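Below is one structure; the comments refer to it alone.
Quick reminder, even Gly has a Cβ in these numbers, built from the backbone with ideal geometry, and neighbours come from all protein chains shown. Numbers and lists here come from the model and the stated rules, or from a named source; nothing here is a laboratory result.
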Amino acid sequence: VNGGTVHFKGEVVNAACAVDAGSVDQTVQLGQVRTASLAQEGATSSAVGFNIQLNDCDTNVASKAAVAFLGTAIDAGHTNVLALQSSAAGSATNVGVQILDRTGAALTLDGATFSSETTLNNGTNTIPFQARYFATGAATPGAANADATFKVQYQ
Amino acid sequence: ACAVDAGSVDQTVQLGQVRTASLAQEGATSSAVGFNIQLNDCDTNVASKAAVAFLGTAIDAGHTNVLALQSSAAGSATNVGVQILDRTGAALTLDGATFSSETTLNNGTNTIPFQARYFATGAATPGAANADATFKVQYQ
Amino acid sequence: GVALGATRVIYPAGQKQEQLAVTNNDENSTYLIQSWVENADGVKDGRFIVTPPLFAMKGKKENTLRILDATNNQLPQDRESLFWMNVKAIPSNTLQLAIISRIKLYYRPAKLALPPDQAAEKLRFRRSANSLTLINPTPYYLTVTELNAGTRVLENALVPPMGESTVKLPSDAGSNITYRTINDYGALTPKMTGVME
Amino acid sequence: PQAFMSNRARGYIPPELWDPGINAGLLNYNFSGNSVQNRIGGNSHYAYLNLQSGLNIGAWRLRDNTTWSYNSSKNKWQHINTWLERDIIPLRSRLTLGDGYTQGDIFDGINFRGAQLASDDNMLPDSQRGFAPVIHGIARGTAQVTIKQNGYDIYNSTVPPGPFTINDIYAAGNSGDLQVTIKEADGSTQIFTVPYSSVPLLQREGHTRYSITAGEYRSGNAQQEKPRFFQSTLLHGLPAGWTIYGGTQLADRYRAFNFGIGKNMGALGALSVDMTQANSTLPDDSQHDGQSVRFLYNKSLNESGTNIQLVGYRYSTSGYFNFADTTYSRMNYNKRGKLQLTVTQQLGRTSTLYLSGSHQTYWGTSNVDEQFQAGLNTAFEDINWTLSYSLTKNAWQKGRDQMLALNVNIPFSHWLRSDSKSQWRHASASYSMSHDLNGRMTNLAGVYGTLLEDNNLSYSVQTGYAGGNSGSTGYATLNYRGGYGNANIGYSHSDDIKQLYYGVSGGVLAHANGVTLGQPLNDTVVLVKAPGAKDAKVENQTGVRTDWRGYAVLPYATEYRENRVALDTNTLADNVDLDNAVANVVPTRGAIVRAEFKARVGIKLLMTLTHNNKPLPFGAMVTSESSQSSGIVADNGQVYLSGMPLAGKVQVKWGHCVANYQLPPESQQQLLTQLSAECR
């Protein structure tokens, strides 16, 4: 007519954020290079926008994560310009891609991280970035696809 | 009559490790973990049917069918509790008088199965979830 | 995009193989996972070996990285040691993005003078002009967040064990200091006040 | 528009991914034995063996139950239940042939033997379960909707410029105030709130549950007969918070029709009223017609999440009998009214006062069966205490019949430090004191916990004292949950009684790849097959280890859900490396699903390969046909290989090179070996 007690013991573990960059395969499309427009070093191209979503995680762990970009610099002077990674007939000359910030300031590719400042969009936490071409003297009609590395320090 | 089996008086159930991805929003539940309550010497003539009722602290009035995890020195998880299902798969109210589904008492040993589950009321913070419940048995 | 099981992996001394879960939530995504361990200076090191180093993940799948020890008991047994575990997801005219998730690997000696619970409280503050130094006598790495000097946050600090970390403080901030350190599992400890000792 | 789009619910699994299982046998045994030694009657031995056989061939699941009893004086094998079950995916239903029970909620629970086809709710995604309002709306322009609870957000998504219906809202407890907020790109945000109150008889809009049962009636009592009967049950969720539930219970002598409606009034609460009209032929030739009404009310959260009230009234007019009264013997006082009032009040965020009152009056017999229950459970830090009171004044002169109980649970972690390595951390002290309001005291103080590395061996030593008689009843128990079975042994000592309990429970699977032993099974089971990986503990389960052949069985797996099965890489032989340490299986109801793991038994090797004194390029594939192994070069020519012989050769395909290598026995004994081998 009477019984005892049952106790339940378990652990709830925090999970790291899942990073989604732009479209599938972490790919962001860029407009084709304009040979006439990419004349001088200061010449630029269309600043195509994209975003990185830190989904499947809490809005606190996502917000506390530091963020950085890195890659291969094309030249000593062009620290912020990513070297194009292409070994074919489609390699272009004196071209590269720049990863900009929200405002439009250049982002260092050395690895110096900065606060994410994630915007809490209805879905999840998001950080927007932009990419644009940066000529360095000359232009060539070739597909100047590049490769960059995203670093997220989960504090 | 009969009584609860020796050893089933005080029982411990290891739910395991669950992640905020599994419990991120209100109503999300983890994988059920089975556990049984055993009765010995229950004869058909003395008591045909029996059922149990669990008595435990509710995390909030709104969710009276789920438990409240106890605070710990290291740190207790927030907005998550323990929910006790049944053979039919429905939740059990943690009130003393609300009993479970009836069962047929076979002569001798009789095992009644139940499931323990994690129930998240909102976003779940990481930590250790430990909960207690007291169960009483009514024979018919 | 790949995800790690926890944002903080604590490896106790004396074990051989820690485990860390890697998962792929996206159903249609082919990935190449490359994992390694660097010291506290961001230098690739062989003291911890993550196996398999590079492997291919197809679709929605979960694997387990085994962190094998090779310290040979050459690390100090007095205080915790810090390492950085980096997991990179190569997504094998367009620029591709490879994500490097970096987590903290705490090599924790088996026997310590103080339990982890009391480490957070014993964190004193040395206040001076344009400085809010945090002194941590406890032998644990303290992850101080939401460092409020009255009405303003300073930044997120990582105070080493038995060390004094430095933080720049604007003079307009008030005397009152409130903080909260991230615990073992990754949650936020309730907001404590700060003593001036 | 989203409404026209076939948007799937959250956590939806296609029926094709569901695993029927494997064609395999099943045998669950539970042997128990009691040695009772009393000074008056010497010693006696009792034995009870419960054997549950089964066969899962194709999709059909045959199950059979048998009991064997022994006293110390004869053997009597007694069948109990046999049933052949199956799941019909197109009908979203479950079919059962043979013995079974009626899960009827509108009607009373009935045990039978026949055919039952009943819709199953577990097959539905977890999101579309229970009761939750479905949001219908028209969004002008592409908008973003955030249906948010009183506390936090629930459903955030994007909606096209058209009609949209959202039915993925979770149950979210009994009561909820869902604020639907749509935000258009151009127009100002549009918000509206909907409250709801759920009742177990309420169903979601456009949701149907049905149950068709036919066959003989089976009951434990020998007096009751075995008439054939039919039972139809239907539960439909109409739009706008209405639910229509009907039922028909037909037999030779009993014919009943139940009709009822349930309503979700929102802030007011939830209501459910049903009338059952029944014509029954009693055991005597007299025929009785009757109607019974079951009114049920659920009030929403009063104050601010403090009080919840449930009022269940049942009026059974004279001449209303259930099926049992009809099915009584050839020759063998009705309930004029029943009232259940339950009030739960939460206070101090820790104490939960539960008050319950049952009040049943009969026809003729004016005596009322009053039953009052009051529970007060509080959880102050680790301390967990409970004070309960009961008062039962029934018709058959039960008197006052009061009872008081006090239970305190104090874990030892309250005093032990957080990082303590002592086994005492997984221990607690339970103190119970019961009074019968007459001087009868029942004290019981005990320690309990687990004392094994995997926390399998659960121990419990509780002494006691029953005083009117003054008997100090000690009680010791040890349960062990190993990888082969559960073994429990206990010693119950009294003033003149010594009881020794000893039992073993286990499960046996005669699958295609030999016989596998393990813990007692529970409906669905997962057969983890990792040949060559001996004694490898599985994850998130206690005491479930692979046998010497590498086959183990998981006691429980959630049906029609994505569950993870992981092998603990920490407690695994250093000579073995798994290609995949985690698998996912979606089992059907009562299905044996194989989670296959590939394990390499050779030594673990890290090879630095250089071609023409140059490291091999990134992404190069290094295979070895000698032991069937593969790997990918990471950097600097470092490649990982699992399951490799002592002396061998590997092939490298950067875009065809061979690398020979030899290893010493000390290298073979090393955990992970590192060697450098120049390639051709």
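Among the numbered criteria (1) part of a strand (DSSP E or B); (2) under 33 Å from the mean Cα position of the chain (by Cα), which single criterion is violated by residue D:360? Here residue D:360 meets the rest and fails (2).
Conditions tested, residue by residue: (1) closer than 18 Å to residue C:108 by Cα; (2) surrounded by fewer than 20 Cβ atoms within 10 Å (Cβ to Cβ).
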{"position": "C:3", "(1), (2)": "no, no"}
{"position": "C:28", "(1), (2)": "no, yes"}
{"position": "C:31", "(1), (2)": "no, no"}
{"position": "C:34", "(1), (2)": "no, no"}
{"position": "C:49", "(1), (2)": "yes, no"}
{"position": "C:58", "(1), (2)": "no, yes"}
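Scanning segment C:175-197 for residues that are among the polar types (S, T, N, Q), within 14 Å of another protein chain (Cβ to nearest Cβ) and assigned to a loop (DSSP other than H, G, I, E, B), which turns out surrounded by the most Cβ atoms within 10 Å (Cβ to Cβ)? The residue in question is C:183.
Mind checking whether some residue in segment A:128-142 is within 12 Å of the chain's Cα centre (by Cα), surrounded by fewer than 18 Cβ atoms within 10 Å (Cβ to Cβ) and of a type outside the set (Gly, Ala, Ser)? Give the derivation first.
First pass over segment A:128-142, keeping only residues within 12 Å of the chain's Cα centre (by Cα): A:128-131.
With surrounded by fewer than 18 Cβ atoms within 10 Å (Cβ to Cβ) added as a condition, the list becomes A:128.
Next, only the ones that are of a type outside the set (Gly, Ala, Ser) stay: A:128.
Yes, because at least one residue in segment A:128-142 is within 12 Å of the chain's Cα centre (by Cα), surrounded by fewer than 18 Cβ atoms within 10 Å (Cβ to Cβ) and of a type outside the set (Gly, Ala, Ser).
For segment C:86-102, which residues satisfy the criterion of being more than 7 Å from every other protein chain (Cβ to nearest Cβ) and in contact with a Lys or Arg (Cβ under 7 Å, 6 or more places away or on another chain)? Reasoning before the result, please.
The first filter runs over segment C:86-102 and keeps only residues more than 7 Å from every other protein chain (Cβ to nearest Cβ), leaving C:86-90, C:92.
Across segment C:86-102, the qualifying residue is only C:86.
Here the condition is being of a type in the set (A, V, I, L, M) and either loosely packed, with under 12 Cβ neighbours inside 10 Å or under 30 Å from residue D:170 (Cα atoms) (or both); of D:57, D:80, D:40, D:22, it holds for D:40 alone.
Residues that are at the interface with chain B (Cβ under 9 Å from one of its Cβ atoms) and within 26 Å of the chain's Cα centre (by Cα) within segment D:434-453 comprise D:448, D:449, D:450, listed in sequence order.
Please find, within segment B:101-126, the residue that is farthest from the other protein chains (Cβ to nearest Cβ) out of those that are under 21 Å from residue D:104 (Cβ atoms) and among the hydroxyl-bearing types (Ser, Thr, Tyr). The extreme case among them is B:103.
A count restricted to segment D:380-433 and to residues that are among the basic types (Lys, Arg), more than 8 Å from every other protein chain (Cβ to nearest Cβ) and assigned to a loop (DSSP other than H, G, I, E, B) stands at 3.
Answer with yes or no whether residue D:365 is outside any strand (DSSP E or B) and touching a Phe, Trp or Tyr at 6+ places or on another chain (Cβ under 6 Å). The answer is yes for residue D:365. Could you list all residues from segment A:96-127 that are part of a loop (DSSP other than H, G, I, E, B), of a type in the set (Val, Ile, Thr) and surrounded by fewer than 20 Cβ atoms within 10 Å (Cβ to Cβ)? Scanning segment A:96-127 gives A:103, A:108, A:113, A:124. The set of residues in segment C:122-161 that are surrounded by 18 or more Cβ atoms within 10 Å (Cβ to Cβ), of a type in the set (S, T, N, Q) and in a loop (DSSP other than H, G, I, E, B) contains only C:138. Listed by position, the strands (runs of 3 or more DSSP E) inside segment C:1-59 whose residues that are of a type in the set (A, V, I, L, M), within 13 Å of chain A (Cβ to nearest Cβ) and farther than 25 Å from residue D:574 by Cα number at least 2 are C:2-4.
A search for C-beta distances below 7 Å between a residue of segment C:63-90 that is not assigned by TED's automatic domain parsing to the domain that holds residue C:37 and any residue that is acidic (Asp, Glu) and assigned to a loop (DSSP other than H, G, I, E, B), counting only pairs 6+ apart in sequence or on different chains, returns nothing.
In segment D:354-375, the qualifying residues are those that are more than 10 Å from chain B (Cβ to nearest Cβ) and among the hydrophobic types (A, V, I, L, M, F, W, C), and the one that is surrounded by the fewest Cβ atoms within 10 Å (Cβ to Cβ) is D:363. When D:342, D:326, D:350 are checked against the criterion of being within 14 Å of residue B:58 (Cβ to Cβ), surrounded by 18 or more Cβ atoms within 10 Å (Cβ to Cβ) and either within 13 Å of chain B (Cβ to nearest Cβ) or among the β-branched types (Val, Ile, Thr) (or both), D:342 stands alone in meeting it. I'd like to know if segment C:166-174 contains one or more residues that are under 21 Å from the mean Cα position of the chain (by Cα), buried (at least 18 other Cβ atoms within 10 Å of the Cβ) and either hydroxyl-bearing (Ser, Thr, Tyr) or not assigned by TED's automatic domain parsing to the domain that holds residue C:81 (or both). Within segment C:166-174 (the criterion being under 21 Å from the mean Cα position of the chain (by Cα), buried (at least 18 other Cβ atoms within 10 Å of the Cβ) and either hydroxyl-bearing (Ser, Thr, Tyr) or not assigned by TED's automatic domain parsing to the domain that holds residue C:81 (or both)), the answer is yes, since at least one residue qualifies.
Counting the residues of segment D:291-310 that are surrounded by 15 or more Cβ atoms within 10 Å (Cβ to Cβ) and within 14 Å of chain B (Cβ to nearest Cβ) gives 9. Of all positions in segment D:501-509, none carries a residue that is surrounded by fewer than 17 Cβ atoms within 10 Å (Cβ to Cβ) and away from chain B (no Cβ under 12 Å).
For segment C:103-146: of the residues being away from chain D (no Cβ under 14 Å), within 17 Å of the chain's Cα centre (by Cα) and of a type in the set (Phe, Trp, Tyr), which is farthest from residue A:66 (Cα to Cα)? Walk me through it before giving the result.
Quick first cut of segment C:103-146, residues away from chain D (no Cβ under 14 Å) only: C:103-105, C:107, C:122-137, C:141-146.
Of the ones still in play, those that are also within 17 Å of the chain's Cα centre (by Cα) are C:103-105, C:107, C:136, C:141-146.
With of a type in the set (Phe, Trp, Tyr) added as a condition, the list becomes C:107, C:141.
Working: C:107: 22, C:141: 18 Å.
Result: C:107.
Being closer than 30 Å to residue D:553 by Cβ and polar (S, T, N, Q) is the requirement here; does residue D:462 meet it? Criteria not met by residue D:462.
Would you mind stating whether residue D:173 is of a type outside the set (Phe, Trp, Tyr) and within 14 Å of another protein chain (Cβ to nearest Cβ)? Before the answer, list the steps.
Details: of a type outside the set (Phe, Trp, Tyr): yes; within 14 Å of another protein chain (Cβ to nearest Cβ): yes.
In short, yes.
When residue D:349 is tested against (1) on the phi > 0 side of the Ramachandran plot; (2) in a helix (DSSP H, G or I); (3) of a type in the set (D, E, K, R), exactly one condition is not met: (2).
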